[PDB]
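Residue-level listing of the chains:
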Amino acid sequence: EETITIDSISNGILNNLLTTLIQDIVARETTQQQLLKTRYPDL
Amino acid sequence: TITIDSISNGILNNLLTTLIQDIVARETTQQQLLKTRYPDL
Amino acid sequence: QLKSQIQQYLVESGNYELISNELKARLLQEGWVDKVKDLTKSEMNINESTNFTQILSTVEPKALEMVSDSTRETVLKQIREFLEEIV
Amino acid sequence: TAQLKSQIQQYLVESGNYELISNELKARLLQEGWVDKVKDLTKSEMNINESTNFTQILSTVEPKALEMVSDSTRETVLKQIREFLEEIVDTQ
Amino acid sequence: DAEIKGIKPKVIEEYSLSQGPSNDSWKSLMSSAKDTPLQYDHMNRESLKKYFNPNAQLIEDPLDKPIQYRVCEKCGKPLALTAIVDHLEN
Amino acid sequence: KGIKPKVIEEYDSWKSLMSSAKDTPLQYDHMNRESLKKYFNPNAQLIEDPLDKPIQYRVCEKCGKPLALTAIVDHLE
Amino acid sequence: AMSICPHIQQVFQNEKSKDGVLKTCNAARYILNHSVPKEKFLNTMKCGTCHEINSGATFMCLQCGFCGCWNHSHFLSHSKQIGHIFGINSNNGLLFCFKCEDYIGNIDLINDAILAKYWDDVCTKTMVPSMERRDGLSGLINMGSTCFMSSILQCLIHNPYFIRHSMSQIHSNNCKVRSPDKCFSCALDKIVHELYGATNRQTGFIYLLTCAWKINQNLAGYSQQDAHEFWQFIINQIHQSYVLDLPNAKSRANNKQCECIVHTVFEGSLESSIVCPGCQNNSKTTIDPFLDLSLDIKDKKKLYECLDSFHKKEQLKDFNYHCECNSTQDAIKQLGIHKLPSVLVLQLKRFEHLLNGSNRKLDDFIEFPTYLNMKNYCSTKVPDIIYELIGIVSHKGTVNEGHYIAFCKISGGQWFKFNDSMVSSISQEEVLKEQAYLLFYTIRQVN
Amino acid sequence: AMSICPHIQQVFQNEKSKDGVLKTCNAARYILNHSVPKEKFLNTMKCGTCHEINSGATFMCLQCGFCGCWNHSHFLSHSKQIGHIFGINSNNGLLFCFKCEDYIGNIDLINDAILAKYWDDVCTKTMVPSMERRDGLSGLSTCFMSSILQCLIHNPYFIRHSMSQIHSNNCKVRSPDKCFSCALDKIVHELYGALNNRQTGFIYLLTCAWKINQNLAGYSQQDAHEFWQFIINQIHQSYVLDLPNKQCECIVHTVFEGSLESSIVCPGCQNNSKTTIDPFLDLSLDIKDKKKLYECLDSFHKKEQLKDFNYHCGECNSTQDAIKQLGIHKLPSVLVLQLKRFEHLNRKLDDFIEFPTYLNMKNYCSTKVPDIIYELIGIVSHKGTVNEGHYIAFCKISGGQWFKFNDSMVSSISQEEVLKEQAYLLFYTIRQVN
Ligand SMILES: [Zn+2]
Ligand SMILES: [Zn+2]
Ligand SMILES: [Zn+2]
Ligand SMILES: [Zn+2]
Ligand SMILES: [Zn+2]
Ligand SMILES: [Zn+2]
Ligand SMILES: [Zn+2]
Ligand SMILES: [Zn+2]
Ligand SMILES: [Zn+2]
Ligand SMILES: [Zn+2]
Ligand SMILES: [Zn+2]
Ligand SMILES: [Zn+2]
Ligand SMILES: [Zn+2]
Ligand SMILES: [Zn+2]
């Protein structure tokens, strides 16, 4: 298929690390905000 | 000649003199006890 | 010949009190009492002393000077109007 | 021949180097202000899209989130990861 | 940068990278967990012993989310979840 | 020199007044009694010329409280 | 409105199902907090299908032990193959639904899953926080100016009647309470003690301050600092405290006759007369006690002016009104004094409180006398009744933002001026220039 | 020195004579106070020789029943004729000596004659009032306490502590009137839960403060800093008070205490040859001629070469001139920092010091150290001046949102703008350690 380099695997490990962290943070914000809207329809 | 004039005058003086002497009594005594009791005012 | 008989008969008639209090009331409200009190405070300083006899004879004449005409006359007049009654 | 990405990740973990890579990355992004900027952006998107749906909100957040990481943090962490890959991977 | 032939052979054997079932994978940690002290995601246990006090109280990401509590219906006190069941047992 | 004759219708130790005094209640030199009972309450407290001279008090050595002369005996014992 | 996962709700209809879910949530979460980094990575953050670590969020299957990654949809695939629609995120313990494609964020039982075992009891006896208190946000009313209190008490402890009641130890002797901490009067005695007898001479005031703010919750003080209201408040404390140390439960007190310091020296009586201009008859004569008088000052330059106005024959308007003969002509009303207090306390009305938060200071100077004569205001020739001014409280500023100063004539005839913690002397000429708010007058001569 | 009438003093040598005069003085004075107007005029104010009324003063003899006028010199004659030199003026009750020609004004014993037969105890046990208090002359913000309370109340470790009802469960006193930490719990009740937001807990808290200590200053000194030390010490005290009988397991000692370490070190073999550890609750740092916080901490962590400490290092067998360095042994979980802006009891440094929303502390700890990062979560600043002092507090809450607390006006505020404030106290919560 295509070339797997030192640069490419490295960027793979970085993206994995970075996408996990984003998805953690967004998960924490979306839920926390869902809770506040269900709990307090007025705001 | 004890006229009404000199009598009235008498009586008024008496009241007025008694009262000047009362007040003066009241105030000298006051300032004495003060100077004695507190020789540094 | 006595004048204390007039006096005795004023105390008894209760007109001595009327006069005595009417006098105080007017002096009080004229500020007389207070000016006198100050006059004494003053002379006790400007003579550095507190001897009653001494302070008195520099104060008492001026005290009497200070009693205003208004009050002299009105009280004096009240005494006369009470003298007629009695004698 | 060849799923070496995963095997390379197993070694990084067991040798304790993934922890070092992963912990350095947060240190930086945290200090750099990135994690907070990503929080604001997620809130901003929840607002703009009147939604708290993860799948949809990640869908607009993630790609912006990725760009925001500094050329500094991105460079430094890759050097680190490369320096580690070379102790174990033979070339050409 | 440079193309990759594979993982060094000596590394492959040393770390057994050739190799769980595992639809049992995560449920299998429950034993070590039970004899494992509390762990934080980014508070290295070992650095914590060294630089902080052994008795230290810690709360990870303290402002991550809003205080989790509930209020008592009778006295009106705000109770932390870990305290509710005792408060309610008088 | 004026008419006194009918008026006489109505006609010494200071210590003499002591019994008459105990018969008598608290007097004031220029707060008339009649007027007090008419215009003030019967149980109204009164001090004449209350700013006449310094407050007459003494102080306890053993507690420091300020003491009105009539209060000093009840305090000690 | 926000929704709930219908899928999770479906399974929570069966209570054994409900309890397995929570048991596992607690178990997953417990593991996340009780696993070493290398163990968490390899065993909760490694996809069953692709074996990558951190292929985005790795979910821990809620119905088996599979771990599914996000970036390749390996959990979504697990859920399609085998039917397991729920998964927990190994970075945060948050429960996700792969059919809703969202997290389950808003079910309280799941968020508070460590309480599953007492849940029925918990949601019965406790409640979620109110919108407005949830973050603990609220002001703290700071206690800046108490100069509306200092000022009043300098009148009270220069008041020859109160000094006499205090130095007479009459209260101290009988106070059951006996503590500055709790009893108001003890505070006043301590203030007397510190001031007249023998660290800072502030302690009595502080005790006095504190009883104030407790017994009057939350205000007095810090909404409205009416020096006058604080007067009414204090003299009323003294009366309550007196009535506490009675022998009986006897209604002679509070009226028709108390015998406490306040009622024996501060209380008088007004006589309201409702009279006809037709027939001379007096239909009503109420006699109400007073502890102070309030006087209107608009368009007035002199104290006696203000008193006259208080005394004037009021015209009264009642439409369907019953009188004997002249039911027609409006009823003449007059207030006059029926009994005078040993100390006449007077308030000049300077703080006009208007609609909503609105207010107005009346700064216009009123002429007040060193000796005041009250014959004219008493009920039906009346003898000279002369009072002597001994205290003033004046107020600089505005109804909400302004400052009080006290002035007292002390024994001798010498006037002093009290500004918080700064006592100073002052010429009587100069004290008569002040903008009087509260005048305090001691009976001096009655003929 | 000012002296008394000699005549009355002589008669007083006789303790039995004295008794008689005091008794007579009290008697007159009583008669004076209990005689009707008419009676009084005709019996106390009528001269026995002239018969006039109010011929000036009228003195009642202190030895016979004679009354003598002043105006006609008639008591004087009484005194000259038969030797009665004392007489009492019937207007006031005053006693006049006719040989002195002055009133006997200055003898406490006469003045206070109704305490005649208790005078010995009255001189023993009670004194004349001091010159200073003789007329009772004496005069009589809290934003520096609220500011600190707002930070405590927005502090996740304390909020948790209180909502955890740990103190409630053990406090023997059980009441905010008496108990300070009970006050705190009420603030947290009013603010986060249900009344049944108000000032009851605060008021109660203040009032405990003023009574508790000492009183002192106790409205003073307007030092947010010392109040923070005050609050936290109280907290620890009430933890001790609650037990059934040098470190501590309390809320304060497990979140705010760390340790400075003060080593003496060998230049050569880099070994502590002497080590003193000393706990801290906050760090106090100087900001003179400095621009940002790290430079303050840098200067705090500096090495000094001591000229006074020549010594043998055992470990490397050599003479050294040792080097002293302060540095942190243990970090707290919340690190509280004061910038010294105040000369101690009217001067104030106003330099802006730049402080980060994330502070790394690895460079200030002993033994290389990994990253140790705190999240800023609370500022107190002081506008105005000494005397004119207004403290304002700023706090970060869950969500990253900041809020400003200006004497009961509470308002949202940007992060960007808090970071501009002239910081006096800084509050930092532990966030990451690698
Ligand atoms: Zn409760
Ligand atoms: Zn005592
Ligand atoms: Zn599964
Ligand atoms: Zn996967
Ligand atoms: Zn669902
Ligand atoms: Zn009491
Ligand atoms: Zn009463
Ligand atoms: Zn009629
Ligand atoms: Zn003599
Ligand atoms: Zn004579
Ligand atoms: Zn004689
Ligand atoms: Zn307590
Ligand atoms: Zn402790
Ligand atoms: Zn060495």
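Definitions and limits used
Residues numbered from 1 in each chain as written, not as in the entry; some residues may be left out. Chains lettered and ligands numbered in written order. Heavy atoms only, no water. Residues with missing side-chain atoms left out of burial classes, pairs and counts. Donors = N, O, S within 2.8 Å, 3.2 Å for Na, K, Ca; no water. Helix = DSSP H or I, 4+ residues; strand = E, 2+ residues; numbered from the N terminus. Buried < 20%, exposed > 50% of the residue type's maximum accessible area, 1.4 Å probe, protein only. Contact = heavy atoms within 4.5 Å. Buried area = accessible area lost by both parts, 1.4 Å probe. Salt bridge = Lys/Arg side-chain N within 4 Å of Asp/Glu carboxyl O. Nonpolar A, V, L, I, M, F, W, Y, C, P; charged D, E, K, R; others polar. Pairing = 2+ DSSP bridges. UniProt positions renumbered as here; feature names shortened; annotations may be inferred. 1 Å grid on protein atoms, 1.4 Å probe; cavity = no way out; pocket = protein on both sides within 12 Å on 5 of 7 lines; lining within 4 Å. Points joined across faces, edges and corners; volume = space filled by probe spheres on them. Domains from an automatic or database assignment. Axes fitted to C-alpha atoms, helices over the stretch in contact; angles between N-to-C directions. Parallel < 35°, antiparallel > 145°, perpendicular 65-115°, else oblique. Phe/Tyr/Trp six-rings, centres within 6.5 Å; stacked < 30°, edge-to-face > 60°. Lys NZ or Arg CZ within 6 Å of the ring centre and 35° of its normal. Core = buried A, V, L, I, M, F, W, Y, C linked by side-chain atoms within 4.5 Å. Patch = residues over 30% accessible without salt bridge, like charges linked within 9 Å, V, L, I, M, F, W, Y side chains within 5 Å. Areas by Shrake-Rupley, 256 points an atom, 1.4 Å probe, with all protein chains shown as cover. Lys, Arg positive; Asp, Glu negative; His and termini not counted. Charge placed at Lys NZ, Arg CZ, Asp CG, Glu CD.

Its PDB header attributes the entry to X-ray crystallography and lists the resolution as 2.826 Å.

Residues and elements named next belong to chain H. Around the zinc ion (ligand 9), the protein contributes the donor atoms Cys5 (SG), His7 (ND1), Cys97 (SG) and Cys100 (SG), which lie 2.1 to 2.6 Å from the metal centre. Sequence positions of the residues that donate to the zinc ion (ligand 9) give the spacing C-x1-H-x89-C-x2-C. A residue pair is termed long-range when its members are at least 10 positions apart, and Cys5 in the segment before α1 (6-13) and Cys97 in strand β4 (residues 95-97) qualify at 92 residues. The pair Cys5 / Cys97 is uniform in exposure class, with both members buried.

This part covers the interface of chain E and chain H. The partner chain H presents 47 residues to the 32 residues of chain E that form the contact. Together, the buried faces of chain E and chain H total about 3200 Å²; carbon and sulfur atoms form 55% of this surface. For chain E, the biggest contributors to the area lost against chain H are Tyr51, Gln57 and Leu63 of chain E; these three give 25% of the whole. Summed over the shared surface of chain E and chain H, the result is 1 salt bridge. Of all the secondary-structure elements, those providing two or more residues to the side of chain E that touches chain H are α3 (45-51), β2 (69-72), β3 (78-80) and α4 (81-88) of chain E. For the side of chain E that touches chain H, the element with the highest residue contribution is α3 of chain E, accounting for 5 residues. Across the side of chain E that touches chain H, the residue classes break down as 18 nonpolar, 8 polar and 6 charged.

Another aspect to go through is the pairing of strand β11 (residues 331-339) of chain G. Residue and element names in this part refer to chain G. Sheet analysis places strand β7 (residues 268-275) next to β11, joined by 7 bridges and oriented antiparallel. Looking across to β11, one finds that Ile274 is bridged to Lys333. Inspection of the sheet shows strand β10 (residues 314-316) paired to β11 by 3 bridges, in the antiparallel sense. Within β11, the residue paired with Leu316 across the bridge is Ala331.

The next thing to look at is the coordination of the zinc ion (ligand 8). Residue and element names in this part refer to chain G. Every protein donor of the zinc ion (ligand 8) is listed here as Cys279 (SG) and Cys323 (SG), and their distances to the metal cover 1.9 to 2.5 Å. With a gap of 44 residues between them, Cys279 in the loop between β7 and β8 (282-290) and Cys323 in the loop between β10 and β11 connect regions that are remote in the sequence. Residue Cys279 is classed as buried on the basis of its relative accessible area of 14%.

All names here are of chain H. On the UniProt side, "binding site: Zn(2+) 4" is annotated at positions that read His167, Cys171, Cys179 and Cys182 here. Across 16 residues, the annotated set stays spatially compact, with a maximum C-alpha separation of 10.6 Å. Looking at where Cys171 falls in the secondary structure, it is placed in the loop between α8 (156-163) and α9 (180-192). For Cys171, a relative accessible area of 6% translates into the label buried.

We now examine empty space enclosed by the protein. All names here are of chain H. Taken as a whole, the largest cavity holds about 90 Å³ of empty space. In this structure, the largest cavity is lined by 17 residues; those nearest its centre are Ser146, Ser147, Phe405, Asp407 and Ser408. Among the secondary structure elements, those contributing two or more residues to the lining of the largest cavity are α7 (143-152), β15 (390-396), β16 (402-406) and β17 (409-413). Of the residues belonging to the lining of the largest cavity, the class tally is 8 nonpolar, 8 polar and 1 charged.

Moving on, we get to the domain arrangement of chain H. Each domain of chain H was delimited in the assignment, giving domain 1 (1-128) and domain 2 (129-434). Taking the mean C-alpha position of each, domain 1 of chain H and domain 2 of chain H sit 72 Å from one another.

On to the packing of helix α1 (residues 4-13) of chain C against helix α5 (residues 69-86) of chain C, then. Residue and element names in this part refer to chain C. Across the interface, α1 lies against α5 with an axial gap of 11 Å and an inter-helix angle of 100°. In terms of orientation, α1 lies roughly perpendicular with respect to α5. Where α1 abuts α5, its residues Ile6, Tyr9, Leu10 and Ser13 lie against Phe82, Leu83 and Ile86. Residues of the contact of α1 with α5, tallied by class, amount to 6 nonpolar, 1 polar and no charged.

Time to look at the packing of aromatic side chains. Within the structure shown, the criterion is met by 49 aromatic pairs over all chains. Each ring, one from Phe351 of chain G and one from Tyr437 of chain G, has its centre 5.0 Å from the other, and the planes form 45°; the classification is tilted. Overall, the relative accessible area of 1% leaves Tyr437 of chain G in the buried class. These aromatic residues form a ring-pair network of at least three members: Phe52 of chain C together with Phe59, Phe66, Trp70, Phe75, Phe96, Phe98 and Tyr103 of chain H. One residue, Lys22 of chain F, lies across the ring of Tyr30 of chain H, its end atom 5.1 Å from the ring centre. Here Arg134 of chain H stacks its cationic end above the ring of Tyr38 of chain B, 5.6 Å away from the centre of that ring.

This brings us to the pattern of salt bridges. Side-chain pairs of opposite charge can arise whenever the charged atoms involved come near each other. As enumerated under the stated definition, the model contains 43 salt bridges over all chains in all. Taking the shortest distance from any N to any O, the salt bridge between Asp24 of chain A and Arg28 of chain A comes out at 2.8 Å. Pair noted here: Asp24 of chain A and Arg28 of chain A are both in helix α1 (residues 6-39), with a separation of 4 residues, about one helical turn. Between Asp61 of chain E and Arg431 of chain H there is a salt bridge, and its shortest N-O distance comes to 2.9 Å. Here the residue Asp61 of chain E occupies a position in the loop between α3 and β2, and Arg431 of chain H occupies one in strand β18 (residues 423-433), the pair thus bridging two chains. You'll find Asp61 of chain E and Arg431 of chain H in the same group, each marked buried.

One recurring pattern in soluble globular proteins: nonpolar side chains tend to sit buried together. Residues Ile234, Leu303 and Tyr441 of chain G together with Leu184, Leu293 and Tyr428 of chain H are the most contacted members of the largest nonpolar core, which totals 200 residues. For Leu303 of chain G, the contacting residues outside a window of four places in its chain are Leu295, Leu346, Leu348, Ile366, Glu367, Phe368, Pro369, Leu372, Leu439 and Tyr441 of chain G. Counting residues in hydrophobic clusters, the runner-up holds 62 residues, among them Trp34 of chain D together with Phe41, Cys64 and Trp70 of chain G.

Once that is clear, we can look at a negative patch on the surface. Residues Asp7 of chain A, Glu86 and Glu87 of chain D together with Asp1 of chain E make up a contiguous surface patch of negative charge. Structurally, the position occupied by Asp7 of chain A is in helix α1. You can call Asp7 of chain A partly exposed: its relative accessible area is 30%.

Let us now look at the UniProt feature "binding site: Zn(2+) 2" in chain H. Residue and element names in this part refer to chain H. Annotation from UniProt places "binding site: Zn(2+) 2" at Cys47, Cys50, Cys69 and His74. A compact arrangement is adopted by the annotated residues: their sequence extent is 28 residues, whereas the largest C-alpha distance between any two is 7.9 Å. By the secondary structure assignment, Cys47 is in the loop between α3 (37-43) and β1 (58-61). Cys47 sits in the buried class, given a relative accessible area of 1%. If we skip the residues at most four places from it in the chain, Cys47 touches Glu52, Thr58, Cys67, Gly68, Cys69 and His74. Since its relative accessible area comes to 16%, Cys50 is described here as buried.

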